[PDB]
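What follows is a short report on a single structure.
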Amino acid sequence: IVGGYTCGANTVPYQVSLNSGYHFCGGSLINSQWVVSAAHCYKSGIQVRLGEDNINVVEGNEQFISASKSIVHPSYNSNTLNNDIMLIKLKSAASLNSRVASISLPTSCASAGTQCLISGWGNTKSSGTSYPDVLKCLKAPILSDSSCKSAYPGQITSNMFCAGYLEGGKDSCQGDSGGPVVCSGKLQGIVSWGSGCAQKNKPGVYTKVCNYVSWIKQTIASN
Ligand SMILES: N=C(N)c1ccc(/N=N/Nc2ccc(C(=N)N)cc2)cc1
Ligand SMILES: [Ca+2]
């Protein structure tokens with residue numbers, strides 16, 4: 001997260017770190033056994049780390065639970081990042097309390113202008129590289145589809161939305177991928193892609209979760 005702020009330990013209780021020896025992507029816990037992340041975060045041997053703040057220090061609220069299965073969206077296209085969503089099932093149910101909590105799926109798509117919270121342990125620099133150890137947060141509005149499409153001609157599908165700031169300076173970034181965009185207490189987005197980070201007229205592009213709720217629910221129901 002570039003231009004964000006330190007969330008505060010366990011203030012984003014649904015935020016998970018996907019760990020394969022190191023943090024490589026975010027995710028969002030959507031029930032005790034399931035995490036939603038970006039399909040481009042797919043890899044085998046994922047350990048889901050819940051209850052994280054400092055991902056480099058055991059601070060006492062962590063739950064580390066290996067994935068038992070990952071399900072990449074049936075229509076995920078890695079070239080276009082269309083349908084950049086994947087479900088990860090935990091081998092065991094996370095223990096849910098205030099510091100580790102699922103985030104509600106949307107019942108409706110959020111509109112442009114809705115303020116959201118984007119979070120992650122990704123790079124905090126738009127130029128160069130610095131990875132935070134504690135969870136970073138960014139309040140960012142969903143941008144209009146028109147501004148999104150204008151920013152990224154020929155790339156924004158109906159399964160994507162832009163959020164952030166056209167002026168740049170504030171954005172998610174590498175290492176935030178897969179993580180949440182939560183708006184009014186609903187998971188509306190998944191950190192998906194963008195050109196660089198926090199670049200002018202290159203806002204973050206997010207998987208439009210509301211399109212996937214049916215798939216998520218039915219997948220969970222049968223897996
Ligand atoms: N909001 C942003 N600017 C932004 C946020 C996260 C981000 N990270 N994406 N990283 C990323 C890495 C690999 C792939 C792939 N295998 N195709 C896709 C995306 C890139 C840009
Ligand atoms: Ca930790």
Side-chain angles (χ1 to χ4, degrees), residues 1-4 6-13 15-20 22-27 37-43 47-65 70 72-73 76-86 99-100 116-127 129 131-143 147-148 151-152 155-156 160-181 189-208:
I1 303 287
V2 178
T6 294
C7 302
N10 308 119
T11 57
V12 186
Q15 168 83 233
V16 309
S17 170
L18 305 182
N19 183 286
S20 57
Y22 43 84
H23 167 84
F24 69 88
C25 271
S37 187
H40 83 256
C41 289
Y42 166 75
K43 60 164 71 183
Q47 183 186 61
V48 175
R49 296 190 163 199
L50 305 100
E52 287 282 19
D53 188 41
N54 191 316
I55 50 167
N56 275 132
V57 178
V58 175
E59 298 180 297
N61 293 115
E62 296 93 347
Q63 297 174 49
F64 294 173
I65 303 169
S70 290
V72 163
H73 193 275
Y76 170 57
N77 179 308
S78 51
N79 294 144
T80 60
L81 293 183
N82 197 27
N83 306 294
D84 191 9
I85 184 167
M86 70 170 318
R99 305 197 166 237
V100 179
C116 305
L117 180 72
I118 307 177
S119 50
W121 287 279
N123 190 359
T124 57
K125 296 302 222 318
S126 56
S127 286
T129 299
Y131 283 79
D133 302 307
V134 295
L135 183 65
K136 295 291 176 168
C137 272
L138 174 66
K139 282 182 187 179
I142 298 178
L143 297 167
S147 66
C148 191
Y152 295 103
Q155 301 155 256
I156 304 302
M160 301 170 189
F161 68 89
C162 285
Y165 298 92
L166 292 184
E167 62 260 48
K170 289 176 294 321
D171 200 358
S172 57
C173 197
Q174 272 71 28
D176 295 318
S177 290
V181 182
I190 295 164
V191 179
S192 185
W193 64 275
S195 176
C197 308
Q199 298 307 288
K200 178 178 178 188
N201 291 320
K202 293 299 179 174
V205 190
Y206 297 94
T207 309
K208 191 167 172 159

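What you see below is based on every heavy atom in this structure, not just the backbone, and it leaves out hydrogens, waters and symmetry mates. Residues: numbered from 1 along the sequence shown. Remember, it's 1-based here, ligands and their atoms both numbered in the order they're listed.
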List the steps, then state whether side-chain contact (heavy atoms from CB on, under 4.5 Å) holds for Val181 with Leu117.
-> CA-CA 5 Å; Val181 182; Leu117 180 72; over 6 Å; no

Quick test: of every protein heavy atom, which one is nearest to [atom], and how far off is it to 0.1 Å?
| atom | result |
| --- | --- |
| atom 20 (C) of ligand 1 | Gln174 NE2, 3.3 Å |
| atom 1 (N) of ligand 1 | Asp171 OD1, 2.7 Å |
| atom 12 (C) of ligand 1 | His40 CD2, 3.8 Å |
| atom 9 (N) of ligand 1 | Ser177 OG, 3.0 Å |

Can you tell me if NZ on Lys139 sees more than 12 non-hydrogen neighbours from other groups inside 6.0 Å?
-> no

Do you see a donor-acceptor pair shorter than 3.5 Å between the side chains of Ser119 and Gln15?
-> yes

For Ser78 and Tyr42, test the side chains for any donor-to-acceptor distance below 3.5 angstrom and give the result as yes or no.
-> no

Identify, by name, the N, O or S atom of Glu62 lying closest to the Ca ion (ligand 2).
-> OE2

Closest to atom 4 (C) of ligand 1 (heavy atoms only, candidates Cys25, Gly204, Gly179, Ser172) is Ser172

Is there at least one pair of N or O atoms, one from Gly194 and one from ligand 1, spaced under 3.5 Å apart?
-> no

Return the minimal non-hydrogen interatomic distance between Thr80 and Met160, and the atom names on each side.
-> O-CE, 3.3 Å

Looking only at heavy atoms, which two atoms of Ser37 and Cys25 are closest? And how far apart?
-> OG-CB, 4.5 Å

Test your reading of the model: is there a side-chain donor-acceptor pair from [X] to the backbone of [Y], 3.5 Å cut-off?
| X | Y | answer |
| --- | --- | --- |
| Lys170 | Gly164 | no |
| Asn82 | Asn77 | no |
| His23 | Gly175 | yes |

Please state which part of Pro203 comes within less than 4.0 Å of ligand 1, counting heavy atoms only: side chain, backbone, both or neither.
-> neither

State the atoms of ligand 1, each with its element, that fall below the 4.0 Å cut-off from a heavy-atom position in [X].
| X | result |
| --- | --- |
| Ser192 | 9 (N), 19 (C) |
| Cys197 | 3 (N) |
| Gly196 | 2 (C), 3 (N), 4 (C), 21 (C) |

Using non-hydrogen atoms of the residue, decide whether [X] is closer than 4.0 angstrom to ligand 1.
| X | result |
| --- | --- |
| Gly164 | no |
| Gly175 | no |
| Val191 | yes |

Should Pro203 and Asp171 count as side-chain neighbours, where that means a heavy-atom distance under 4.5 Å?
-> no

Close side-chain approach of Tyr206 and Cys116, heavy atoms under 4.5 Å | no

Got an N, O or S from [X] under 3.0 Å of the Ca ion (ligand 2)?
| X | result |
| --- | --- |
| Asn54 | yes |
| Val58 | no |
| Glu52 | yes |

